[PDB]
Amino acid sequence: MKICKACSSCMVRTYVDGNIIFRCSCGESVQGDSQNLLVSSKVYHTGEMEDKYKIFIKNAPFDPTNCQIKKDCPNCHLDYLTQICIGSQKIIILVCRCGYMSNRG
Amino acid sequence: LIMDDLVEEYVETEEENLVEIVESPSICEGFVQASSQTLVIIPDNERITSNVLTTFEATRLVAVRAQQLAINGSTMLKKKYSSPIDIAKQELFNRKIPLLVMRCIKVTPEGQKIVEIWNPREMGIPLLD
Amino acid sequence: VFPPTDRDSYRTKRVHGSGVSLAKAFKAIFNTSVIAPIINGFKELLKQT
Amino acid sequence: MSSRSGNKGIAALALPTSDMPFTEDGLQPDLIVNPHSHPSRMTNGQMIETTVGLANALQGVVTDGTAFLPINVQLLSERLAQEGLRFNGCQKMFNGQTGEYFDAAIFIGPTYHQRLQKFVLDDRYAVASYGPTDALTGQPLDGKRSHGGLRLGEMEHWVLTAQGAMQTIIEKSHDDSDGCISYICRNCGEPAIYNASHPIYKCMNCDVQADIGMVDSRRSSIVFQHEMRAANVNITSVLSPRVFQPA
Amino acid sequence: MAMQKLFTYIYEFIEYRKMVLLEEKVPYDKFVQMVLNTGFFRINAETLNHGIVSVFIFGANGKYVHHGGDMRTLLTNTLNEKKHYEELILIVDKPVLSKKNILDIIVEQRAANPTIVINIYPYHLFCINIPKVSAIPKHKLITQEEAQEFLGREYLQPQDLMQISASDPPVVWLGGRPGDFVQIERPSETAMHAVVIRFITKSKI
Amino acid sequence: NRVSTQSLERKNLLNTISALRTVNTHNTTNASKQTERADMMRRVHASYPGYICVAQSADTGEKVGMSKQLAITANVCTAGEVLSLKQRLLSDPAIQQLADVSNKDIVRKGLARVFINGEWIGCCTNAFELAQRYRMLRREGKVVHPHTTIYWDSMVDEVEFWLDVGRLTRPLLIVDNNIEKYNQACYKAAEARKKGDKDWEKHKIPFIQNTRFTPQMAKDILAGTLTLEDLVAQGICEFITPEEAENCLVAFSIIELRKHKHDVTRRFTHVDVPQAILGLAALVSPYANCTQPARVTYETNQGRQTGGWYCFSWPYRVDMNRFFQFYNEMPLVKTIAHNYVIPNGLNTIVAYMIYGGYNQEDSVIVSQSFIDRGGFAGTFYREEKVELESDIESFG
Amino acid sequence: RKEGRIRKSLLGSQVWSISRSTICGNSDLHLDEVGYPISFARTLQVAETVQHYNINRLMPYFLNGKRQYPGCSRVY
Amino acid sequence: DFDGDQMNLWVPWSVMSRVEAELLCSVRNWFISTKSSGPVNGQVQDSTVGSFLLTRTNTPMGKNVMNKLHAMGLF
Amino acid sequence: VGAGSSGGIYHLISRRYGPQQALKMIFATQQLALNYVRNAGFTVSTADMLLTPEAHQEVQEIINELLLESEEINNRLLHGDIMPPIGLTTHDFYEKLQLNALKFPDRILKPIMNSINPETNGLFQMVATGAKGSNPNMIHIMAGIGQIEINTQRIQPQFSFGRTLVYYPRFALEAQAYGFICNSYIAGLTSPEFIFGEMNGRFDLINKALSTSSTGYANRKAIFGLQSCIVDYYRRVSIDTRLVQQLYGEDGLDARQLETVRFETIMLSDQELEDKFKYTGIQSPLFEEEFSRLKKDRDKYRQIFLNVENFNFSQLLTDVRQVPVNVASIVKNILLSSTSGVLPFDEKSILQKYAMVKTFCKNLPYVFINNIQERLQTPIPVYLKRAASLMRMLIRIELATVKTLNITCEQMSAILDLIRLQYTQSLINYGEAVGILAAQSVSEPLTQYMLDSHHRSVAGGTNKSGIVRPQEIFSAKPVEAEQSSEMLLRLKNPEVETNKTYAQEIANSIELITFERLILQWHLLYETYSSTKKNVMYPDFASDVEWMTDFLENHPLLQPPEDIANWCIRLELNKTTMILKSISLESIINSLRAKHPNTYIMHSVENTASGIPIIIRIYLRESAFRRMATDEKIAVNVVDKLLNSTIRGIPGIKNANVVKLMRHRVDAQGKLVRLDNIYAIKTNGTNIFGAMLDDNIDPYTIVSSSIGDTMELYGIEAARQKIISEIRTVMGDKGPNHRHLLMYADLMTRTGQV
Ligand SMILES: [Mg+2]
Ligand SMILES: [Zn+2]
Ligand SMILES: [Zn+2]
Ligand SMILES: [Zn+2]
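Residue numbers (the authors' numbering), protein chains in the order written: chain S, 1 to 105; chain V, 9 to 27, 38 to 147; chain R, 404 to 452; chain P, 996 to 1242; chain L, 1 to 205; chain E, 502 to 897; chain X, 305 to 380; chain Z, 457 to 531; chain G, 608 to 1234, 1240 to 1366.
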């Protein structure tokens, strides 16, 4: 995302000819070096189990409706933990109100 | 003024993909009248249809005979009956029904109707019972 | 990241009875059968006088 | 009639009190429910209600049988036994018609039954050969309320056609419906004017060369063809050609 | 790969048609190399009538399947050779059929030469011994007089029968022209095999 | 026209009451096309229990699942005092208004968006604690109305307050526990384990969860001294909306609560009464949990068609196709539904037997004597109303 | 449409001399027999022509009329 | 079934229809299903179990026998 | 005596004494049974469905065993022990495992039968005798409801994210949370069990209402398409005058006049056929010819119905056929009423009885024409000589000389005259609207298809829910519109076809593997390549020159072209998938360069240590961006055409499973044995043409579920046979007669196209 320093407008990319030169509707150009060459990308089985459920995992020990199991918490030694199942991979996560997160999630 | 009870609307969405000078005469074209056909009766030795009456044909014979006995009164039954249905049925079973079964198999473009005339008194009779 | 709204879940559904439905029907009907009569009457009155 | 477990039933028998089956104590039913109504419908609530009602009638009590309240069929059966009846609600029953006891003990007891408001006297309808007719199609009016009608729809016609019926189709669809008789010129294919009482024999298409034929039809069909003609699409009936055996 | 199956089953087809090969059968390597460089392979066979049949196997990405001018040139140069030319067979890939320009070429060349027959077929029609497939019942062409006597007994016109396209694989392997009759011995789960006669219509494409 | 109408068919008072407790979705223009949609909107949804009768539905044709029925305890709320709650939220020190925080502050500080009636006003650092505190305030009931819906969406960390009209709510008995004391005991046992004490199990207290409802208040309710208003005021129970229902873990019965009384893995926020999941007409069926559920639906349909005392003012009315059954009986095995609607029918002695084969295919053999004595007999009424077209017509 | 001229009036019809009622079981009837209430039997009629062979049989029907069953009320 | 079903009944009056009705459309022709080629009718419910009880060997009382008067009553 | 019981006593009474006597004997037996219960008495009681306390203690023990296995599955999930099969996600496999865990075992009948006195139990007798109900009804009432399945899967978490109901916690692992009902009806369901039961109860009510309307549209469409089919005086089926069928059922018989009989000679071996059917009482050539004609009939029956087995999925060969006349019964009746006993040996009679049976079979097709042409011995059409082939078989089997020894010549003529009478009475009638009969007989089983649709899966690739499959056949949807396309490939050679390990590997080889599943990340970069002289690259991927220089010298044959465009896609490979499905880096690069000649290829070395990504960089040439849209729109399109490039397998084949077949084969001794050790590949998706290319798969026995692909690849006749098979699979076991399926197929395929 390139924004015009004067117009604060989105600039087209305009790959001409051997380089990348951004152009605004105001006629300004800023060009681009090295790190602007990424045209498009796609990563498979990524963006899942980190960004989709971060808030849900954080709030899970405080959710009354989450299922809980009898398992000792390593940190605060509470006799019960909150059991969490996410994804078509069925990843089981145990979280506690003390912040213990089972290093998974 | 709330009217309500609208007549709706109707939509058709499909297509029917139905796969020398000339002027207007009145006799070359037209002729809604169909040419009179001539009846060709297939000879009794060339008939290839069943010699046994179908239940449809036997039922039609009995029904026609019973109606004609409802309008007329003449029959060939020695044993008299009180119902035209019974008289027609026994006439069919006793092989004395005054009706013929014409089975039509052709309509020749030359205006020729080829038929097989079958005698119910010589034909086999289906169950009907 | 999130699934679509459940079209049948009752958390996102309300039940409107008598008061609300009659309120909406009445506002439409009052508009049509009160304001427009008055509107046309005043237009004709300005025409006449 | 229906039970509170949802078992509808049309009553077809009226037995006098002497023809009703009865138990050794003289108890006889008001309704006789087929035991086959249970196994495929799984309406166990009706049977449990019958058991509890059998126990209740003798104690003179009315129990609360609300859903999800704790229930023990074994203990209700033991209550039946303590009430003087059998563990099951069955009794020694005698056939009312012949006085012979049944070999098996018959499960008879009170069941709450509801009369559904679907009366046969309202639903039953019979019509004669004549009555009100629709002005447009010439067919009978629709339904009991109009004092004539009842319909032989598409599916009835398909079934009769599958049976190869005709005649019955002729009778019902023409004689007992809007059966009319239509006249076609056979020369122009257009409907023609024919009358025997008033000696008129004419068609407006080719008048002097008219050859009016008599075609069986329905008033609905003629109305349909008139509607098509009014839509400026012309309908010409070719008519079957005459056949002549050779001289 | 598909071309090897063509290289075997096209001579299976030629043998079935009761035709004799008019050339020495080249090996597979020369076949594939020639189809790669020239773009086509011409196979000549002769029927008992002593007519000539030519079979053309175009490459998947050749010239004659992209530009119609070369296709016209090939057809024109072939048809004024000194041959009887009972039929010409063109084998192309399946999407080549959906390209309208070559279809226009073949239609106009069919119009140009009416006495001979030119047909274009996809690859799959010659990548298996088609008559030997279990799912395909037995097809065979019946002569005109026996079909006519069958019709006369049945009081039928040829157009009253069930119709079959001349592009049907079994019919193509039979070499049935439109307007001819093919008799089929279909296996039956009601009567333990039955016989019907179908009418060959104009070949699709 | 968004007015869900229905002619008042007075088959019985049960029919009338069920009609006035009926929820219709009432397909509008651009209705259900051929898809999964026509099926899903007719299925029993997982949010139905307690508010929509799971059993009651039409058993035939297009109307199957189209018309829904309120459960026995479900109620429809009116619009609350939105202004007072909004002012209290704005005066709350824990909520930072829109004018005070920007979007960059919202994402960088992890603020949780707070809504009231969908109006996003304010943000909070701890959505859970805010929602719990206001739930406690509502339980107290003096500053937050008991019918306000406090919903905490833990997936997006948003606290939604709802006070608009049309919220189905049902009262649920609140279940309290000792999780604070349990956690304190667990921490003390952990300290004992760390110090190496041999008898650390004496420091672990058992978990106890229980509703506050006692049989004395059951007697008080039956005696009439205690009402649901007092129960809500005393904090025993509270109203729960389908939005808030997703923040509740409910024990389906007092039996399930008692079984898990010391199970720290099942901490129920509320305890249900199982009769609440059924409507009024569905509760007419006795032992409905033993019956197959589809037959219970069939009963819901047939209970509202049953002949009976269709209206106590029948002699003053001129109605059409109305049947008044002379004799009625309370069921020997009655249900809770009959406390509110009069019963329709009779306690018929029925014999489940083979008698002459006249009862095959759900037919019934009826004692003619039972018919003659008045069994299911009554009066059927029809009207004949005609009017004069003008002065040109008269009666005579 | 279903209520149109073709599907309602041509492909189907309203007919006369037809009755409708609820069905019920009768174990004493043969499989090829139907129980017809006498009220419906006196409403629906069967057209029997008068001939020499049936005039004796149709006389009891004619004499009964509407008064007694079996009877008749129509003569062409 | 008899749960409230209504079925139409019309009596043919025309001689052609009456002849047709008994000869062609009688239910005896629909005993064998056209769809399945098997029989349509048979014993249902009260008689399927009744045929088993009549023809079983041993009743709980003993051997499944009846005296002459009750054997006659079956007919 | 039950209704609809083929081969029952009423069906047999109809065959011998007409359907009217069958109706009378139904009523007479009905009164006999009903009058018996008028003294025996029958009832059902609440105690009939009540278990004993000991048995109820055993029902719980059985259910706890089920819930123990479910928890054992859950304990595997907690420790990550659930490894799903290739093609299924863990959640899909976990749900599949659970549905197998909560299945009621056959032993659940033990507590029920311990609490049941079968001599007096009314509920059991109704179920056991077939009067009403079935075993699930008894188990549900008494033992337990078990798992609640909606569309062959458990209750879905619809209440919230991960919640099935407000009564269960989020991500609850107990089977009860997902519909497993533990109580029985007589015990009384709890509040959440009733809610789950109501979800299944309503879902059945919805299916019924859909069934009436969904079949109504299909029934009317089917009627109008078929109604104009009418049997003409040749007993053909023609629309107006255009032929649709050379003969109505290919045998010209009414469906109401068909009887199922067994052909004894089908399964007999060469020796056993000789033992039973060869006659040795007279040393004549009339009997060695007879046996050969009897063996010839057996060989033709086997060859035809093994062929039918070959182009169908699971259509087993059977020795039972529907024939107009049951010749065995006619012989049995004559032999019973014969006054003579074991007839004395009379050579003239035995030879003459053979003569009249041989003559009767020769003149048998004349029952289709008439007795007049039979007398004149006019030629028989070829199709009429085939219509009697099956009936000739039964007559030559039942009336074999070894079987009619005790039948006198006079009785033989009576037997033959009886067969002709019963054959003539079974022929279809002229003018019968048989097209409407087919429409009515196929539409009705479609109604049960909707009710059964709740027992069929909904997920893609197997979208057999509701009316989806019936519309595909009837609306002639093309290959691309098929949502449940399948093929059945037979492994070439029969001996290697018996090995499961060889079967599973060939299935993987023919499956379609494309680029996208071999890649875990790709990037489109705006950079060119002019060897190691100019550089200029993306910063993160600038390190790639460490291997691109290795590639430059290791692969000097294909140097960077002179027309490299200023674009590049860098792709990483999922080595585990490469390890899983055995695609090497060599095969990927070779297939790409052969398929893509406007691109230029760089790749790393795959033998690197674990964790080191394998890098593929493609470089576009000027031909890509020269041969309307901007360059980046072309470059983005290059990404897709590279990502969808076929690396290995037959196109269009999504999955390829290994299935065990049942096929009949003839031994060396001539016996017809049914094998179960045959393995074949059943694939999701259809490509007949590709499978023919594959040399490890037999091309002649390929079977597809697609009518469109069968039509294009095989012809109108295999498409016609495919339509019959496809409807028959839809119809079920209770489905209609076979002649009603022929009527559909012959109508659709009468013009040469479906
Ligand atoms: Mg019914
Ligand atoms: Zn700018
Ligand atoms: Zn912790
Ligand atoms: Zn005229």
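Using N, Cα and C, we set each Cβ at its ideal position, and we do this for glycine too.
Based on Cα-Cα distance, which residue from the options lies nearest to residue i?
i: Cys968/G; options: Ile976/G, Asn940/G, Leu1001/G, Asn977/G; result: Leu1001/G
i: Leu1010/P; options: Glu681/E, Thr574/E, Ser868/E; result: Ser868/E
i: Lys98/V; options: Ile359/X, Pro364/X, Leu367/X; result: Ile359/X
i: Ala829/G; options: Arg1277/G, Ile1035/G, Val1342/G, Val1049/G; result: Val1049/G
i: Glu537/E; options: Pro406/R, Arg410/R, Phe405/R, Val404/R; result: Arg410/R
i: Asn112/V; options: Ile143/V, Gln85/V, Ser100/V; result: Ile143/V
i: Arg1351/G; options: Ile1336/G, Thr1341/G, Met1360/G; result: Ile1336/G
Within 10 angstroms of the Cβ of residue i, are there 16 or more other Cβ atoms? Answer buried if so, exposed if not.
i: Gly648/G; result: buried
i: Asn802/E; result: buried
Can you list, in chain order, the residues of its chain whose CB lies under 6 Å from that of residue i, leaving out five sequence neighbours each side?
i: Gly1264/G; result: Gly1297, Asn1299
For residue i, collect the residues of the same chain with a Cβ closer than 8 Å to its Cβ; drop the 5 residues on either side in sequence, then sort them by chain order.
i: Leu943/G; result: none
i: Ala1100/P; result: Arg1081, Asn1083, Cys1085, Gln1086, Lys1087, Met1088
Locate the beta strand (DSSP E) running through residue i, then write down its first and last residues.
i: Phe1081/G; result: It is not in any beta strand (DSSP E) - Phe1081/G instead sits in the alpha helix (DSSP H) that spans 1075-1081.
i: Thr1206/G; result: 1206-1210
i: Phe824/E; result: 823-826
i: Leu1095/G; result: 1093-1097
i: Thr836/E; result: No beta strand (DSSP E) holds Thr836/E; DSSP gives it neither H nor E.
Which partner residues of residue i appear in the DSSP bridge assignment?
i: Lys1197/P; result: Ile1188/P
i: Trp1129/G; result: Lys42/S, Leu1178/G
i: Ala1268/G; result: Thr1295/G
By Cβ distance below 7 Å, which residues in the same chain neighbour residue i in space, the five residues on each side in sequence not counted?
i: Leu333/X; result: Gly339
i: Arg770/G; result: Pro764, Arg777
Ends of the alpha helix (DSSP H) at residue i?
i: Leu81/S; result: Premise fails: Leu81/S lies in the beta strand (DSSP E), 80-86, not in any alpha helix (DSSP H).
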